[PDB]
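Comments concern the structure below.
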Amino acid sequence: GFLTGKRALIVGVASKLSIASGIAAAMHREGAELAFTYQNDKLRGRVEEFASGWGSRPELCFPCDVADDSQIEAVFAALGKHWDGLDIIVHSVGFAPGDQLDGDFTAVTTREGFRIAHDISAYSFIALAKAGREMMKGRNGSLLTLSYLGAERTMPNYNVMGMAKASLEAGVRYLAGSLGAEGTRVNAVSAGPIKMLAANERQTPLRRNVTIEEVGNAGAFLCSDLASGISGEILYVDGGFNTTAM
Amino acid sequence: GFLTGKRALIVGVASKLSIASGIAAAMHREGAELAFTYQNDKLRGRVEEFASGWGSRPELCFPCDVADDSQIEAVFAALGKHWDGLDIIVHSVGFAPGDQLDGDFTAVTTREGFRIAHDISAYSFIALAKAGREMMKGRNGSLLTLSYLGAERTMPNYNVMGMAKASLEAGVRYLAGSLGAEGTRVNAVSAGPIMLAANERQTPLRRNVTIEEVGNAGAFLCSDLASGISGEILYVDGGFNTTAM
Amino acid sequence: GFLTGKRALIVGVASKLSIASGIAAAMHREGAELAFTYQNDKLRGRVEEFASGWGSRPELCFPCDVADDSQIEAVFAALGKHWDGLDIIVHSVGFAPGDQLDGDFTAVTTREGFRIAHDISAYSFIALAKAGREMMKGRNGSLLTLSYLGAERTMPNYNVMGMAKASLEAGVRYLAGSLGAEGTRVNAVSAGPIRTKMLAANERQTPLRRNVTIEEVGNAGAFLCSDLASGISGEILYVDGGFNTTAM
Amino acid sequence: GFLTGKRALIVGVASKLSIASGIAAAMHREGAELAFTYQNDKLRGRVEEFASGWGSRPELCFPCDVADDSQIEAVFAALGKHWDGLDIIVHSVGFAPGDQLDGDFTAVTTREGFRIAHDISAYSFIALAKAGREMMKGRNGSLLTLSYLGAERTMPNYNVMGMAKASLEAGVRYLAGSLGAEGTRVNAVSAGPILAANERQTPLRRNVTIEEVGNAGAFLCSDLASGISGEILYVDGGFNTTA
């Protein structure tokens with residue numbers, strides 16, 4: 001593939017319906033050696049399952065709870081023992097306590113929900129870039145992450161999560177800003193949604209939802225040297241929805 | 001003036017020549033009855049004295065550090081003994097741990113520094129929108145806050161305060177979708193700075209703006225003159241934001 | 001008022017309830033003395049009559065088809081006979097021929113219709129900017145124009161005119177950049193829809209649950225050309241009650 | 001390559017150092033059958049040479065002034081006598097009268113300059129979509145145009161092209177939502193310069209190459225980007241994201 005020879009870490013594979021899971025799949029098709037992290041022992045089995053069919057193996061799977069600094073550093077110590085270097089890190093972690101994500105925004109949003117949603121979904125990505133700066137030394141690789149339109153504009157019940165996404169995408173630009181002198185490109189892919197999920201379909205220009213695959217392909221490219229003049233981008237894979245108003 | 005009749009709470013007055021002091025002035029020029037909070041006990045005497053010259057009294061000054069829900073709540077419960085309603089809350093509290101705003105971003109940014117920056121400089125706004133929802137009921141008021149170009153494009157050492165602001169700025173949009181129904185508008189004012197001579201030559205107006213200028217806009221935004229504007233981020237920077245080079 | 005002592009020219013007054021008039025009314029109400037252009041010979045009587053309720057007189061009205069560079073300066077040649085200098089230009093004219101603004105974009109959009117939509121809606125701004133540069137010198141004044149959300153995101157039956165506003169909006173920035181040196185501020189107001197079935201959804205979405213009024217879009221527009229807003233140039237002020245910020 | 005199977009009409013090829021060229025090389029490399037236009041009678045043979053070096057031949061080269069409606073017409077007519085379907089149209093022609101790109105924006109900008117600036121740099125796209133609608137129909141194709149930061153922000157001596165470009169970018173958006181239902185995707189690459197002080201600030205601390213813009217340009221018109229429409233993708237090292 002066009003990603004042959006590169007070696008990527010992949011954070012937050014939790015399912016195969018996931019958006020993470022479309023990316024890993026397309027990233028193997030394109031020739032990448034992969035690794036995976038799983039948040040907890042519950043999901044440890046199914047990550048390793050998926051991993052094995054994605055060109056990877058149980059021994060390239062590590063426990064990581066991105067709320068923890070050490071555990072992230074631990075991931076980069078152990079992985080660093082199978083590969084002489086890392087090229088790509090992928091970030092697919094979206095988490096805010098549900099009571100923040102259903103009701104009147106102003107009403108339900110608590111300080112602690114704000115703290116968490118931001119920590120898990122925004123800064124984890126800076127820590128990942130931090131905790132792996134060394135292993136991406138002189139690889140000219142890249143970092144990726146996932147965002148949503150709700151960081152640029154408002155929608156029902158997405159609520160405080162749009163504040164996290166807005167910060168992430170900022171964090172993306174500042175990451176591009178600093179990490180780039182050593183040749184790291186930081187980018188993010190903003191995907192469309194995967195009754196009213198059909199009111200989306202008929203305003204989205206392509207009259208259809210994007211597939212976890214198309215986001216994979218698009219997130220694959222952004223990590224390949226096909227995308228090597230491209231940094232600080234937020235790429236929208238949403239059938240063109242954001243370009244609509246009425 | 002164009003604000004007479006309106007009452008306004010001002011959070012985060014800390015110096016005579018801050019953008020917040022510019023706002024505070026104009027809103028008084030325009031007749032707003034002003035109330036103030038103070039960050040801690042050192043600044044107390046400073047804030048009371050400013051308040052007194054902006055038509056208010058120390059009676060209308062209350063202790064608040066926006067890192068604590070409980071003190072915040074005591075603000076509106078203390079004010080509510082003085083006012084049977086409130087029109088405006090002006091949110092000019094911008095802060096992050098110093099070491100994060102000095103160096104390479106990836107290197108100097110910390111979990112705890114992140115969490116603080118975002119707490120004080122962003123969530124505090126929503127905590128004020130909440131804690132003051134009742135006092136603002138049925139008055140069709142407004143909330144103003146301060147952001148900066150750092151939320152939208154990068155620039156030296158602003159670092160994590162560029163994520164904070166972007167989170168703020170999204171909260172503007174969201175608080176707007178929410179409180180709009182009831183008739184509260186929510187807006188922000190993104191000011192220019194006040195060798196930074198590079199900025200100036202590039203800035204279309206060839207100068208910087210002044211807290212005066214940032215305050216008239218601040219004021220306008222919170223006055224009935226604005227009543228058709230909400231969810232908006234008004235750039236008071238002489239055009240600098242619109243230039244690429 | 002706060003425009004007191006300021007002089008403005010106002011282009012585009014064609015109805016009594018246009019955004020053009022909302023501005024003109026506002027701007028008078030805050031002290032600015034005004035001048036007006038009529039698009040052609042049919043609107044002269046309307047425009048003049050309006051102008052008198054706005055402190056202006058028949059004499060302060062001028063003919064001008066913004067498709068004509070020569071008429072564009074005829075305004076300023078003639079105006080500078082009553083006024084040694086000018087402070088504001090308000091630019092409020094939206095027109096693409098009707099067949100362009102109806103149906104499927106790609107099908108009904110034609111080269112000429114495109115040409116017109118951009119020459120009227122967009123270049124003309126730059127031309128009032130040009131033509132009146134001399135009279136605005138020294139006054140630390142401002143130009144103001146009107147845009148729409150269509151330019152930045154799509155909405156049915158706006159078609160080519162969103163292309164002509166994105167051009168315009170870009171134009172605002174270039175003018176603001178060019179003329180800032182000598183003091184001229186250049187900004188825009190970008191109103192949401194105005195009242196009189198498809199519009200009822202617009203207001204369920206917009207944060208303030210109501211459309212704006214020309215009294216709102218005019219105050220914004222007034223303010224933006226007043227020394228109160230002297231720190232503001234290159235800006236596109238949204239007046240739509242927050243519509244532009246919502247997606248569902 | 002990921003464009004294998006695809007056929008593509010490229011508008012704008014005129015120089016070795018073209019952006020237009022960078023896309024064609026990267027596109028052909030990715031396995032597309034290309035086909036080109038040449039503005040005047042000069043540059044005719046020069047297009048042809050490049051064309052014959054890109055797997056094409058001088059019979060898939062057609063005369064076209066994007067200013068004249070009838071030629072663009074005649075382009076797709078003739079092309080449909082060699083080709084069954086069309087998959088990609090690429091639009092890489094920028095031209096404003098030179099005087100307009102030299103001096104004070106207000107002062108040098110004239111109406112005629114405006115007109116040409118917009119007709120060439122922006123209407124041409126629409127017309128290419130328009131006049132080549134039928135050959136794309138059925139195909140789930142894609143269009144691609146070129147833009148620049150001057151639409152989004154100001155800079156010296158770009159002047160009216162920032163206006164042309166801004167329009168074009170809406171034109172991307174309006175097209176995309178018009179031709180989406182039938183499968184046509186519509187995007188743009190906003191490519192940086194291929195300036196010395198520019199370089200200092202862009203994040204990668206370097207300028208982009210026509211191979212870097214051409215790749216992404218190719219990617220977007222390929223089925224690997226079928227979930228993308230209406231975009232202004234930025235290949236400039238992240239310069240847009242910097243203040």
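Letters A, B, ... go to the chains of the structure tokens in the order shown; residues in each chain start at 1; ligands are counted from 1 in the same order.
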Note to self: For residue 171 of chain C, find every residue with an atom within 8 Å (counting only C-alpha atoms), except residues of its own chain fewer than 4 positions away, and show them as number ranges by chain.
What the structure shows: C: 122, 126, 167, 175; D: 160, 162-163
For the residues selected in the previous step, produce a file with C-alpha atoms as a PDB file, in the first residue's frame.
```pdb
ATOM      1  CA  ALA C 122     -19.705  42.742  -5.289  1.00  0.00           C
ATOM      2  CA  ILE C 126     -15.066  48.289  -4.356  1.00  0.00           C
ATOM      3  CA  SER C 167     -16.461  37.515  -3.359  1.00  0.00           C
ATOM      4  CA  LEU C 175     -10.574  47.072   1.184  1.00  0.00           C
TER       5      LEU C 175
ATOM      6  CA  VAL D 160      -8.978  40.871  -6.849  1.00  0.00           C
ATOM      7  CA  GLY D 162      -8.845  36.839  -3.476  1.00  0.00           C
ATOM      8  CA  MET D 163     -12.269  37.897  -4.597  1.00  0.00           C
TER       9      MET D 163
END
```
Please provide as a CSV table (one decimal) with N, CA and C atoms, in the first residue's frame all residues within 12 Å of residue 228 of chain B, with the sequence filter that same-chain residues fewer than 2 positions apart are discarded (counting only C-alpha atoms).
```csv
chain,number,residue,atom,x,y,z
B,140,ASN,N,-34.5,39.4,29.2
B,140,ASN,CA,-33.8,39.4,27.9
B,140,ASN,C,-32.4,40.0,28.0
B,142,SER,N,-27.9,39.6,28.6
B,142,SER,CA,-26.9,39.0,27.8
B,142,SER,C,-25.6,38.7,28.6
B,180,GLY,N,-31.1,31.0,24.5
B,180,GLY,CA,-31.8,31.9,23.6
B,180,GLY,C,-33.3,32.0,23.7
B,183,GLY,N,-34.5,34.3,26.0
B,183,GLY,CA,-34.2,35.6,25.5
B,183,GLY,C,-32.9,36.2,25.9
B,184,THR,N,-32.0,35.4,26.5
B,184,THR,CA,-30.6,35.7,26.8
B,184,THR,C,-29.8,35.5,25.5
B,185,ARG,N,-29.0,36.5,25.2
B,185,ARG,CA,-28.1,36.4,24.1
B,185,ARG,C,-26.7,36.1,24.7
B,186,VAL,N,-25.8,35.4,23.9
B,186,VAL,CA,-24.5,35.2,24.4
B,186,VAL,C,-23.5,35.5,23.4
B,187,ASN,N,-22.5,36.4,23.7
B,187,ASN,CA,-21.5,36.8,22.8
B,187,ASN,C,-20.1,37.0,23.4
B,220,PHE,N,-21.8,47.7,23.6
B,220,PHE,CA,-22.7,47.5,22.5
B,220,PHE,C,-23.3,46.1,22.5
B,221,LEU,N,-22.4,45.1,22.6
B,221,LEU,CA,-22.9,43.8,22.6
B,221,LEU,C,-23.9,43.4,23.6
B,222,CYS,N,-23.8,44.1,24.8
B,222,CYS,CA,-24.7,43.8,25.9
B,222,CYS,C,-25.8,44.8,26.0
B,223,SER,N,-26.0,45.6,25.0
B,223,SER,CA,-27.0,46.7,25.0
B,223,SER,C,-28.1,46.3,24.1
B,224,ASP,N,-29.3,46.9,24.2
B,224,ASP,CA,-30.5,46.5,23.4
B,224,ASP,C,-30.1,46.8,22.0
B,225,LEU,N,-29.2,47.7,21.7
B,225,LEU,CA,-28.8,47.9,20.3
B,225,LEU,C,-28.4,46.6,19.6
B,226,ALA,N,-28.0,45.6,20.4
B,226,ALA,CA,-27.4,44.4,19.9
B,226,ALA,C,-28.5,43.3,19.7
B,230,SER,N,-26.5,37.3,18.6
B,230,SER,CA,-26.3,36.3,19.7
B,230,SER,C,-25.4,35.1,19.1
B,231,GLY,N,-24.7,34.5,20.0
B,231,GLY,CA,-23.8,33.4,19.6
B,231,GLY,C,-22.5,33.8,18.8
B,232,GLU,N,-22.2,35.1,18.9
B,232,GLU,CA,-21.3,35.8,18.0
B,232,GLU,C,-19.9,36.1,18.6
C,189,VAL,N,-22.4,43.8,7.7
C,189,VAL,CA,-23.4,43.2,8.5
C,189,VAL,C,-24.0,42.1,7.6
C,190,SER,N,-24.3,40.9,8.2
C,190,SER,CA,-24.8,39.8,7.5
C,190,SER,C,-26.1,39.3,8.1
C,191,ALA,N,-27.2,39.9,7.7
C,191,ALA,CA,-28.5,39.6,8.4
C,191,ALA,C,-29.0,38.2,8.1
C,192,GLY,N,-29.8,37.7,9.0
C,192,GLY,CA,-30.6,36.5,8.8
C,192,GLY,C,-31.8,37.0,8.0
C,193,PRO,N,-32.8,36.1,7.8
C,193,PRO,CA,-34.0,36.4,7.1
C,193,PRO,C,-34.8,37.5,7.8
C,194,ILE,N,-35.7,38.1,7.1
C,194,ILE,CA,-36.6,39.1,7.7
C,194,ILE,C,-38.1,38.6,7.5
C,206,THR,N,-32.9,29.1,14.8
C,206,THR,CA,-32.1,30.2,15.3
C,206,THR,C,-32.4,30.4,16.8
C,207,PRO,N,-31.2,30.5,17.6
C,207,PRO,CA,-31.2,30.6,19.1
C,207,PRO,C,-32.2,31.5,19.7
C,208,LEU,N,-32.6,32.6,19.0
C,208,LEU,CA,-33.5,33.6,19.6
C,208,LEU,C,-34.9,33.3,19.3
C,209,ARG,N,-35.1,32.2,18.6
C,209,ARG,CA,-36.5,31.8,18.2
C,209,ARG,C,-37.3,32.9,17.5
C,210,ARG,N,-36.7,33.7,16.7
C,210,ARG,CA,-37.4,34.8,16.0
C,210,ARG,C,-36.5,35.3,14.9
C,211,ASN,N,-37.0,35.9,13.9
C,211,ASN,CA,-36.1,36.5,12.9
C,211,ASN,C,-35.7,37.9,13.4
C,212,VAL,N,-34.7,38.5,12.9
C,212,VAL,CA,-34.2,39.8,13.3
C,212,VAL,C,-35.1,40.8,12.5
C,213,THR,N,-34.9,42.1,12.9
C,213,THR,CA,-35.6,43.2,12.2
C,213,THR,C,-34.6,44.2,11.6
C,214,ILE,N,-35.1,44.9,10.7
C,214,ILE,CA,-34.2,46.0,10.1
C,214,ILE,C,-33.8,47.0,11.2
C,215,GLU,N,-34.5,47.0,12.3
C,215,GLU,CA,-34.1,47.9,13.4
C,215,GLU,C,-32.9,47.3,14.2
C,216,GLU,N,-32.9,46.0,14.3
C,216,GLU,CA,-31.7,45.3,14.8
C,216,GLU,C,-30.5,45.4,13.8
C,217,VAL,N,-30.7,45.1,12.5
C,217,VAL,CA,-29.6,45.1,11.5
C,217,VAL,C,-29.1,46.5,11.2
C,218,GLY,N,-29.9,47.4,11.5
C,218,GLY,CA,-29.6,48.8,11.3
C,218,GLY,C,-28.7,49.4,12.5
C,219,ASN,N,-29.1,49.1,13.7
C,219,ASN,CA,-28.3,49.5,14.8
C,219,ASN,C,-26.9,48.9,14.7
C,220,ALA,N,-26.8,47.6,14.6
C,220,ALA,CA,-25.5,47.0,14.3
C,220,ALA,C,-24.8,47.8,13.2
C,221,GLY,N,-25.4,47.9,12.0
C,221,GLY,CA,-24.9,48.7,10.9
C,221,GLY,C,-24.5,50.1,11.3
C,237,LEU,N,-20.0,41.2,10.7
C,237,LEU,CA,-20.9,41.1,11.9
C,237,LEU,C,-22.1,40.4,11.6
C,238,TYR,N,-22.4,39.2,12.2
C,238,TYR,CA,-23.6,38.5,12.0
C,238,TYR,C,-24.7,39.0,12.9
C,239,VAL,N,-25.8,39.3,12.2
C,239,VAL,CA,-27.1,39.7,12.9
C,239,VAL,C,-28.2,38.7,12.5
C,240,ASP,N,-28.2,37.6,13.0
C,240,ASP,CA,-29.3,36.6,12.7
C,240,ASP,C,-29.8,35.9,13.9
C,241,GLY,N,-29.5,36.5,15.0
C,241,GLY,CA,-30.0,35.9,16.3
C,241,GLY,C,-29.3,34.6,16.6
C,242,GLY,N,-28.2,34.3,15.9
C,242,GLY,CA,-27.3,33.2,16.2
C,242,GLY,C,-27.4,32.0,15.3
C,243,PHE,N,-28.3,32.2,14.2
C,243,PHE,CA,-28.5,31.1,13.2
C,243,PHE,C,-27.2,30.5,12.7
```
Can you check which parts of chain D lie within 9 Å of chain B? Per residue, the shortest pair of atoms and distance in Å to one decimal, counting only C-alpha atoms, sorted by chain and number, as a Markdown table.
```
| residue | atom | partner | partner_atom | distance |
| --- | --- | --- | --- | --- |
| D:149 | CA | B:244 | CA | 7.6 |
| D:150 | CA | B:244 | CA | 7.8 |
| D:152 | CA | B:242 | CA | 7.8 |
| D:153 | CA | B:243 | CA | 5.1 |
| D:154 | CA | B:243 | CA | 4.6 |
| D:155 | CA | B:245 | CA | 5.5 |
| D:156 | CA | B:245 | CA | 7.9 |
| D:198 | CA | B:245 | CA | 8.1 |
| D:239 | CA | B:244 | CA | 8.8 |
| D:240 | CA | B:244 | CA | 7.6 |
| D:241 | CA | B:153 | CA | 4.9 |
| D:242 | CA | B:154 | CA | 4.8 |
| D:243 | CA | B:153 | CA | 5.5 |
```
Next item on the list: Could you pull out the residues in segment 21-117 of chain A that DSSP calls strand (DSSP E) from the backbone, as a ChimeraX atom specification?
Entry: /A:33-38,61-63,88-91
Check: If you run DSSP on this backbone, which residues of segment 31-202 of chain A come out as alpha helix (DSSP H), and could you give them as a ChimeraX atom specification?
Finding: /A:41-53,69-79,105-108,111-118,124-130,161-179,197-201
Notebook entry, point to check: Got a sec: who's within 8 Å of residue 125 of chain B, counting only C-alpha atoms, leaving out chain neighbours fewer than 5 positions off, as a ChimeraX atom specification?
Noted result: /B:91,145,168
Within 10 Å of segment 219-226 of chain D, which residues of segment 118-204 of chain D come that close, and what is the closest atom pair and distance in Å for each? Count only C-alpha atoms and give it as JSON lines.
```
{"residue": "D:140", "atom": "CA", "partner": "D:226", "partner_atom": "CA", "distance": 8.7}
{"residue": "D:141", "atom": "CA", "partner": "D:221", "partner_atom": "CA", "distance": 7.4}
{"residue": "D:142", "atom": "CA", "partner": "D:221", "partner_atom": "CA", "distance": 5.4}
{"residue": "D:143", "atom": "CA", "partner": "D:221", "partner_atom": "CA", "distance": 6.8}
{"residue": "D:144", "atom": "CA", "partner": "D:221", "partner_atom": "CA", "distance": 7.1}
{"residue": "D:183", "atom": "CA", "partner": "D:226", "partner_atom": "CA", "distance": 9.3}
{"residue": "D:184", "atom": "CA", "partner": "D:226", "partner_atom": "CA", "distance": 9.6}
{"residue": "D:185", "atom": "CA", "partner": "D:226", "partner_atom": "CA", "distance": 7.5}
{"residue": "D:186", "atom": "CA", "partner": "D:221", "partner_atom": "CA", "distance": 8.5}
{"residue": "D:187", "atom": "CA", "partner": "D:220", "partner_atom": "CA", "distance": 7.2}
{"residue": "D:188", "atom": "CA", "partner": "D:220", "partner_atom": "CA", "distance": 8.4}
{"residue": "D:189", "atom": "CA", "partner": "D:220", "partner_atom": "CA", "distance": 8.9}
```
Residues as selected, N, CA, C and O atoms, written as a PDB file, in the first residue's frame, can you do that?
```pdb
ATOM      1  N   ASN D 140     -20.519   8.467 -10.761  1.00  0.00           N
ATOM      2  CA  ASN D 140     -20.052   8.781  -9.410  1.00  0.00           C
ATOM      3  C   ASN D 140     -18.667   9.418  -9.439  1.00  0.00           C
ATOM      4  O   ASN D 140     -17.724   8.944  -8.788  1.00  0.00           O
ATOM      5  N   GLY D 141     -18.556  10.492 -10.218  1.00  0.00           N
ATOM      6  CA  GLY D 141     -17.285  11.128 -10.485  1.00  0.00           C
ATOM      7  C   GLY D 141     -16.903  12.121  -9.415  1.00  0.00           C
ATOM      8  O   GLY D 141     -17.221  11.934  -8.240  1.00  0.00           O
ATOM      9  N   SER D 142     -16.226  13.187  -9.828  1.00  0.00           N
ATOM     10  CA  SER D 142     -15.688  14.162  -8.899  1.00  0.00           C
ATOM     11  C   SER D 142     -15.073  15.296  -9.687  1.00  0.00           C
ATOM     12  O   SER D 142     -14.546  15.063 -10.764  1.00  0.00           O
ATOM     13  N   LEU D 143     -15.168  16.518  -9.162  1.00  0.00           N
ATOM     14  CA  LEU D 143     -14.478  17.673  -9.724  1.00  0.00           C
ATOM     15  C   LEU D 143     -13.445  18.176  -8.719  1.00  0.00           C
ATOM     16  O   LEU D 143     -13.530  17.884  -7.516  1.00  0.00           O
ATOM     17  N   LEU D 144     -12.469  18.935  -9.212  1.00  0.00           N
ATOM     18  CA  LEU D 144     -11.420  19.472  -8.362  1.00  0.00           C
ATOM     19  C   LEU D 144     -10.960  20.801  -8.914  1.00  0.00           C
ATOM     20  O   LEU D 144     -10.728  20.918 -10.111  1.00  0.00           O
ATOM     21  N   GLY D 183     -24.360  11.648  -7.534  1.00  0.00           N
ATOM     22  CA  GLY D 183     -23.077  11.004  -7.294  1.00  0.00           C
ATOM     23  C   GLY D 183     -21.822  11.841  -7.486  1.00  0.00           C
ATOM     24  O   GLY D 183     -20.755  11.479  -7.000  1.00  0.00           O
ATOM     25  N   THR D 184     -21.937  12.960  -8.191  1.00  0.00           N
ATOM     26  CA  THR D 184     -20.785  13.819  -8.433  1.00  0.00           C
ATOM     27  C   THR D 184     -20.261  14.456  -7.144  1.00  0.00           C
ATOM     28  O   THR D 184     -20.999  15.107  -6.431  1.00  0.00           O
ATOM     29  N   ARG D 185     -18.985  14.263  -6.834  1.00  0.00           N
ATOM     30  CA  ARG D 185     -18.390  14.941  -5.679  1.00  0.00           C
ATOM     31  C   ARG D 185     -17.674  16.206  -6.137  1.00  0.00           C
ATOM     32  O   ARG D 185     -17.316  16.310  -7.300  1.00  0.00           O
ATOM     33  N   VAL D 186     -17.476  17.179  -5.255  1.00  0.00           N
ATOM     34  CA  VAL D 186     -16.854  18.436  -5.667  1.00  0.00           C
ATOM     35  C   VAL D 186     -15.918  18.955  -4.567  1.00  0.00           C
ATOM     36  O   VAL D 186     -16.364  19.192  -3.454  1.00  0.00           O
ATOM     37  N   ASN D 187     -14.622  19.103  -4.864  1.00  0.00           N
ATOM     38  CA  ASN D 187     -13.650  19.597  -3.869  1.00  0.00           C
ATOM     39  C   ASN D 187     -12.585  20.559  -4.424  1.00  0.00           C
ATOM     40  O   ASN D 187     -12.516  20.802  -5.631  1.00  0.00           O
ATOM     41  N   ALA D 188     -11.762  21.104  -3.529  1.00  0.00           N
ATOM     42  CA  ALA D 188     -10.646  21.941  -3.947  1.00  0.00           C
ATOM     43  C   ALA D 188      -9.380  21.739  -3.092  1.00  0.00           C
ATOM     44  O   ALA D 188      -9.434  21.356  -1.904  1.00  0.00           O
ATOM     45  N   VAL D 189      -8.232  21.975  -3.715  1.00  0.00           N
ATOM     46  CA  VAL D 189      -6.988  22.011  -2.966  1.00  0.00           C
ATOM     47  C   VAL D 189      -6.590  23.476  -2.816  1.00  0.00           C
ATOM     48  O   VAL D 189      -6.543  24.216  -3.803  1.00  0.00           O
TER      49      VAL D 189
END
```
Check: When the cut-off is 6 Å and we count only C-alpha atoms, which residues of chain A are near chain D, given as a PyMOL selection string?
Finding: chain A and resi 177+180-181+205-207+210+214+217-218+226+229-232+237+239-240
Any chance you could export the current selection's N, CA, C and O atoms as a compact mmCIF listing (two decimals), in the first residue's frame?
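In the end it all went to again-v2.txt:
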```txt
# COMPACT_ATOMS: atom_id res chain seq x y z
N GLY A 177 1.86 23.16 15.00
CA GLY A 177 2.74 24.30 15.18
C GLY A 177 4.11 23.92 15.69
O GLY A 177 5.12 24.28 15.08
N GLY A 180 6.31 20.24 14.19
CA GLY A 180 6.56 20.18 12.76
C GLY A 180 8.01 20.39 12.37
O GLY A 180 8.43 19.97 11.29
N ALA A 181 8.77 21.04 13.24
CA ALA A 181 10.16 21.33 12.93
C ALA A 181 10.98 20.03 12.85
O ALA A 181 11.95 19.94 12.08
N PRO A 205 -25.00 16.74 1.11
CA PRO A 205 -24.94 16.81 -0.36
C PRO A 205 -24.97 15.45 -1.09
O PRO A 205 -25.69 15.34 -2.09
N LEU A 206 -24.24 14.45 -0.61
CA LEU A 206 -24.20 13.13 -1.25
C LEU A 206 -25.42 12.23 -0.92
O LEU A 206 -25.40 11.03 -1.20
N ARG A 207 -26.44 12.82 -0.29
CA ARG A 207 -27.69 12.13 0.06
C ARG A 207 -27.50 10.81 0.81
O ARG A 207 -28.28 9.87 0.65
N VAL A 210 -21.73 8.84 5.58
CA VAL A 210 -20.44 8.26 5.27
C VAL A 210 -20.30 6.98 6.08
O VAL A 210 -20.93 6.82 7.14
N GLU A 214 -14.99 4.85 4.60
CA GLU A 214 -14.53 6.08 3.95
C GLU A 214 -13.72 6.95 4.90
O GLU A 214 -12.80 7.65 4.48
N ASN A 217 -10.24 5.13 4.91
CA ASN A 217 -9.51 5.52 3.71
C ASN A 217 -8.98 6.94 3.83
O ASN A 217 -7.78 7.18 3.67
N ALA A 218 -9.86 7.88 4.14
CA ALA A 218 -9.47 9.29 4.30
C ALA A 218 -8.48 9.51 5.44
O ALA A 218 -7.60 10.36 5.34
N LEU A 226 1.57 10.54 0.93
CA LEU A 226 0.71 11.22 -0.03
C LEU A 226 0.21 12.53 0.61
O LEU A 226 -0.10 13.49 -0.09
N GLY A 229 2.48 17.36 2.62
CA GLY A 229 2.51 18.82 2.66
C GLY A 229 1.37 19.28 3.56
O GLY A 229 1.18 20.48 3.81
N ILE A 230 0.62 18.31 4.06
CA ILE A 230 -0.61 18.56 4.79
C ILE A 230 -0.39 18.43 6.28
O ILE A 230 -0.15 17.33 6.78
N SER A 231 -0.48 19.56 6.99
CA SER A 231 -0.42 19.59 8.45
C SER A 231 -1.47 20.57 8.97
O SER A 231 -1.89 21.48 8.26
N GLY A 232 -1.88 20.36 10.22
CA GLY A 232 -2.89 21.20 10.84
C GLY A 232 -4.25 21.17 10.16
O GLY A 232 -5.11 22.00 10.43
N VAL A 237 -15.03 14.32 6.53
CA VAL A 237 -15.56 13.20 5.76
C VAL A 237 -17.02 13.03 6.15
O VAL A 237 -17.36 12.17 6.96
N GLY A 239 -19.79 13.55 3.69
CA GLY A 239 -20.62 13.68 2.52
C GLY A 239 -20.92 15.12 2.17
O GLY A 239 -21.72 15.39 1.29
N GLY A 240 -20.27 16.05 2.86
CA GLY A 240 -20.34 17.46 2.54
C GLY A 240 -21.33 18.24 3.39
O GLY A 240 -21.68 19.37 3.03
```
Note to self: Show me, as a list in words, every residue of chain A with an atom at most 7 Å from chain C, counting only C-alpha atoms.
What the structure shows: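 Here they are: residues 153, 154, 155, 243, 244, 245 and 246 of chain A.
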Got time to write the residues from that selection, N, CA, C and O atoms, as a compact mmCIF listing (two decimals), in the first residue's frame?
```
# COMPACT_ATOMS: atom_id res chain seq x y z
N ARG A 153 -20.10 24.33 15.39
CA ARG A 153 -21.49 24.78 15.44
C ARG A 153 -22.27 23.89 16.42
O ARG A 153 -21.80 22.82 16.77
N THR A 154 -23.46 24.33 16.86
CA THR A 154 -24.22 23.61 17.90
C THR A 154 -25.28 22.64 17.39
O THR A 154 -25.86 22.83 16.32
N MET A 155 -25.56 21.64 18.20
CA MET A 155 -26.60 20.65 17.92
C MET A 155 -27.13 20.05 19.22
O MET A 155 -26.47 20.10 20.26
N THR A 243 -21.09 21.96 4.71
CA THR A 243 -21.26 23.02 3.72
C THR A 243 -22.72 23.36 3.47
O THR A 243 -23.05 23.94 2.44
N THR A 244 -23.61 23.00 4.39
CA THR A 244 -25.03 23.31 4.17
C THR A 244 -25.62 24.12 5.32
O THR A 244 -25.13 24.08 6.44
N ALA A 245 -26.69 24.86 5.03
CA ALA A 245 -27.33 25.62 6.08
C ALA A 245 -28.81 25.32 6.17
O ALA A 245 -29.28 24.85 7.20
N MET A 246 -29.55 25.59 5.10
CA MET A 246 -31.00 25.39 5.11
C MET A 246 -31.41 24.16 4.29
O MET A 246 -30.60 23.56 3.57
```
Next item on the list: Using only C-alpha atoms, find which residues of chain A lie within 6 Å of chain B and jot them down as number ranges by chain.
Entry: A: 130, 154, 163, 166-167, 170-171, 174
